[PDB]
Amino acid sequence: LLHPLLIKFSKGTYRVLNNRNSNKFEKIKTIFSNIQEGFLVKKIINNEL
Amino acid sequence: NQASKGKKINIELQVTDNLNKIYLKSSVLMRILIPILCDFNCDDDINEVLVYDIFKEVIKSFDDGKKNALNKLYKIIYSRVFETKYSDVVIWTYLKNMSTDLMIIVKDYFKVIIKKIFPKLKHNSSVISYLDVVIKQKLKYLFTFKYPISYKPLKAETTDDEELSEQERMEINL
Amino acid sequence: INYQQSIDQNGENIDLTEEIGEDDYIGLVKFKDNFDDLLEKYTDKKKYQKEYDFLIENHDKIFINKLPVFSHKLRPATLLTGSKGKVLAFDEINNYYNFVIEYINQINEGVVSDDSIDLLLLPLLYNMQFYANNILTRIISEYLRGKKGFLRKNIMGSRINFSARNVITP
Amino acid sequence: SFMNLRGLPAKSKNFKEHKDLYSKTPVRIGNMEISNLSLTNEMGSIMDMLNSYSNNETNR
DNA sequence: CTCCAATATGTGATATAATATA
DNA sequence: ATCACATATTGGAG
DNA sequence: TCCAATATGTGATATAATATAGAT
DNA sequence: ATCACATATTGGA
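Definitions and cut-offs
- Residues numbered from 1 in each chain as written, not as in the entry; some residues may be left out.
- Chains lettered and ligands numbered in written order.
- Part of a larger assembly, values for the part shown.
- Heavy atoms only, no water.
- Salt bridge = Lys/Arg side-chain N within 4 Å of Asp/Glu carboxyl O.
- Helix = DSSP H or I, 4+ residues; strand = E, 2+ residues; numbered from the N terminus.
- Buried < 20%, exposed > 50% of the residue type's maximum accessible area, 1.4 Å probe, protein only.
- Arc of directions from axis to C-beta.
- Contact = heavy atoms within 4.5 Å.
- Near = heavy atom within 4 Å.
- Polar contact = N/O pair within 3.5 Å; in protein donor to acceptor, adjacent residues only side chain to side chain.
- Nonpolar A, V, L, I, M, F, W, Y, C, P; charged D, E, K, R; others polar.
- Buried area = accessible area lost by both parts, 1.4 Å probe.
- Pairing = 2+ DSSP bridges.
- Axes fitted to C-alpha atoms, helices over the stretch in contact; angles between N-to-C directions.
- Parallel < 35°, antiparallel > 145°, perpendicular 65-115°, else oblique.

Q: Can you walk me through the pattern of salt bridges in this structure?
A: Pairing between side chains becomes possible if they bear opposite charge and their charged atoms approach one another. Considering all chains together, one arrives at 13 salt bridges over all chains under this definition. For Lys-111 of chain B, the salt bridge goes to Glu-109 of chain C, with nearest N and O atoms at 3.1 Å. With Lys-111 of chain B in helix 6 (residues 102-116) and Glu-109 of chain C in the loop between helix 4 (92-108) and helix 5 (118-143), the pair connects residues from two separate chains. Looking at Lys-111 of chain B, the relative accessible area reads 18%, which means it is buried. The partly exposed category is assigned to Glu-109 of chain C, whose relative accessible area is 30%. Across the pair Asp-60 of chain C and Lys-61 of chain C runs a salt bridge, and its minimum N-O distance is 3.5 Å.

Q: Can you walk me through helix 8 (residues 165-173) of chain B in this structure?
A: For helix 8 of chain B, the complete set of buried residues consists of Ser-165, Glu-166, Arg-169 and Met-170 of chain B. End-on view of helix 8 of chain B: buried residues confined to an arc of 125°, all on one side of the axis. Residues of helix 8 of chain B that are buried make contact with strand 1 (149-154) of chain B together with strand 1 (77-80), strand 2 (86-91) and helix 5 of chain C.

Q: Which parts of the structure should I look at to understand the protein's contact with DNA strand G?
A: Around DNA strand G there are 16 residues in total, and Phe-143, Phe-145, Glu-163 and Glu-168 of chain B together with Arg-145 of chain C lie nearest to it. Here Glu-163 of chain B contributes a side-chain N or O atom positioned 3.3 Å from a base oxygen of DNA strand G. Between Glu-168 of chain B and DNA strand G, the recorded distance is 2.7 Å, taken from a side-chain N or O atom to a base nitrogen. Looking at the surface near DNA strand G element by element, the count peaks at three residues for helix 7 (residues 127-144) of chain B. For the surface near DNA strand G, the class distribution of residues is five nonpolar, three polar and eight charged.

Q: I'm lost on the interface of chain C and chain B in this one. Help?
A: Accessible area lost on assembly of the parts is the figure often given for the size of an interface. Taken together, the 41 residues of chain C in the interface contact 45 residues of chain B. Taken over both partners, the interface formed by chain C and chain B buries close to 3,900 Å², and the fraction arising from carbon and sulfur atoms is 57%. The largest contributions to the chain C side of the interface with chain B come from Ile-7, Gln-9 and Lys-148 of chain C, which together make up 17% of the buried area. The tally of links between chain C and chain B comes to two salt bridges. Of the charged contacts, one joins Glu-109 of chain C and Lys-107 of chain B as a salt bridge, the two residues approaching to 3.2 Å between their closest N and O atoms. The leading source of residues in the side of chain C that touches chain B is helix 5 of chain C, at nine residues.

Q: What exactly am I supposed to notice about the sheet that holds strand 1 of chain B here?
A: Within a sheet, each strand pairs with its neighbour through backbone hydrogen bonds, oriented either parallel or antiparallel. Pairing in this open sheet of three strands is mixed, and the strands run 1(B)-2(C)-1(C) from one edge to the other. Here the strands that pair on one side only, and so sit at the sheet edges, are strand 1 of chain B together with strand 1 of chain C. The average undirected angle you get between the axes of adjacent strands in this sheet is 15°. Bridging between strand 1 of chain C and strand 2 of chain C involves four bridges; their strand directions are antiparallel. If you follow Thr-78 of chain C over to strand 2 of chain C, its bridge partner there is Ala-89 of chain C.

Q: Quick question: what am I supposed to make of the interface of chain D and chain B here?
A: On the chain B side, the residues contacting the six residues of chain D number five residues. For the pair chain D and chain B, the summed buried area comes to about 480 Å², and 53% of that belongs to carbon and sulfur atoms. Counting the surface chain D buries against chain B, the share from its top three residues, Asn-4, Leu-5 and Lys-13 of chain D, is 64%. The tally of links between chain D and chain B comes to zero salt bridges. Summed over the shared surface of chain D and chain B, the result is one residue pair in polar contact. Class assignment for the residues of the side of chain D that touches chain B results in two nonpolar, one polar and three charged.

Q: What's the story with the packing of helix 1 (residues 3-17) of chain A against helix 2 (residues 24-31) of chain A in this structure? I'm lost.
A: Relative placement of two packed helices is described by the angle separating their axes and the distance separating the axes. Residue and element names in this part refer to chain A. Contact geometry for helix 1 and helix 2: axes closest at 9 Å, N-to-C directions at 170°. Classified by the interaxial angle, the pair formed by helix 1 and helix 2 is roughly antiparallel. Here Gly-12, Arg-15 and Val-16 of helix 1 lie close against helix 2, whose contacting residues are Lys-24, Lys-27, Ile-28, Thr-30 and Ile-31. Partitioning the contact of helix 1 with helix 2 into residue classes produces three nonpolar, two polar and three charged.

See below:
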């Protein structure tokens with residue numbers, strides 16, 4: 001059930017690792033920018049897990 | 001040129017002191033040409049085209065028509081934009097819906113830098129720092145702007161699920 | 001068809017064509033201008049004589065300046081309204097179409113007669129060609145092929161009015 | 001029943017919303033069904049069936 | 001029961017930056 | 001963090 | 001020097017009813 | 001992911 005959150009985290013951290021010549025703090029903020037309360041529930045339902 | 005020796009040098013990206021001075025000369029000429037172009041009561045679209053072409057021409061005239069400065073400027077903007085492709089692939093995938101591509105951003109940024117940034121260049125100042133800052137900030141602005149309409153690209157693929165989104169969306173309410 | 005050029009610190013073109021053929025990286029406009037001689041250069045009769053003959057017979061259809069786009073009723077587009085924000089549901093094909101348009105506009109707003117930097121114009125043409133190729137490929141792979149495709153679903157078969165479904169009993 | 005955006009018959013959610021008593025769901029004539037129907041060499045009658053029931057609006 | 005003029009209010013378009021490197 | 005243009009609302013008279 | 005084998009990569013393609021829903 | 005089909009190298013002969 002928690003796998004979509006892991007996928008989202010992995011996308012964010014791949015972004016930050018591959019970031020070049022930009023503010024690291026900014027990308028670290030983008031990691032947790034669109035994390036929303038209903039994200040896990042919506043992803044659980046829609047992915048038909 | 002003295003400061004460029006320490007850092008890793010890429011021949012296409014490096015900006016000589018002479019090129020910085022060429023850009024400054026073009027900046028002075030652009031500033032003195034702006035009021036004349038603004039007073040022209042012709043249509044604004046043809047006026048923007050004329051401003052772009054005229055500023056390109058002042059840079060070329062200071063460049064002896066070599067067009068090397070414009071090539072290096074395009075290369076700078078191209079590098080700054082394409083560096084974010086691998087890292088920020090998600091926002092580029094989303095921006096595909098808005099008909100915005102990396103090369104499109106490069107061309108638009110080229111027009112903006114020649115028209116709305118080069119005139120603002122300060123005397124005896126480094127062009128590369130100002131350009132880096134403005135391009136990176138414009139990329140941040142682009143990735144972080146709230147567009148009026150959220151976009152849902154219907155994936156017409158059935159690799160895993162039995163029915164794709166376009167299929168059901170067609171049959172239900174249309 | 002793709003255009004690529006490198007520059008020196010001073011800005012002179014420095015590629016020198018050391019490892020690339022003279023015909024490569026010329027551009028799509030140079031390709032159209034030099035299409036006949038290049039065709040004679042690279043065609044192998046033994047394996048592609050029939051294809052080369054087909055190209056000769058249809059030389060007019062090889063290069064086109066206008067791209068068709070099919071009806072919007074086939075391209076589903078819904079303007080749904082949401083609380084946090086409005087939403088637009090479209091099939092991916094639309095994107096590609098729109099992309100093409102944008103490109104041509106940015107190519108046409110600049111005066112074609114005035115000489116401009118090739119790096120600003122030729123890669124745009126190459127990307128336009130890539131997008132058009134993807135449009136054709138997606139039309140075949142989505143709208144016109146398979147069980148989902150209009151060919152198998154509705155050209156041979158069809159949903160039939162005046163139909164019923166019943167259980168059987170002795 | 002309700003016609004699709006392409007002018008061809010298609011299912012509706014009316015039975016789910018209890019707006020209709022029976023399903024009113026269209027049957028599909030499969031490719032194998034077309035092959036079996038081709039036993040009768042009157043392809044004109046089969047085409048008339050498919051056109052009047054689905055493909056052509058004027059014939060319907 | 002229209003028509004006038006003007007006011008305050010809404011909406012789209014634009015604008016901000018000055019430590020460089022496949 | 002403005003600003004030029006579009007719009008519903010008040011003021012006013014006929 | 002060549003070549004056939006191995007390996008990589010490309011490409012078509014897939015049942016049957018069915019619960020929905022990315023700064024000021 | 002199974003089947004086909006096509007190249008690219010490479011160890012082998």
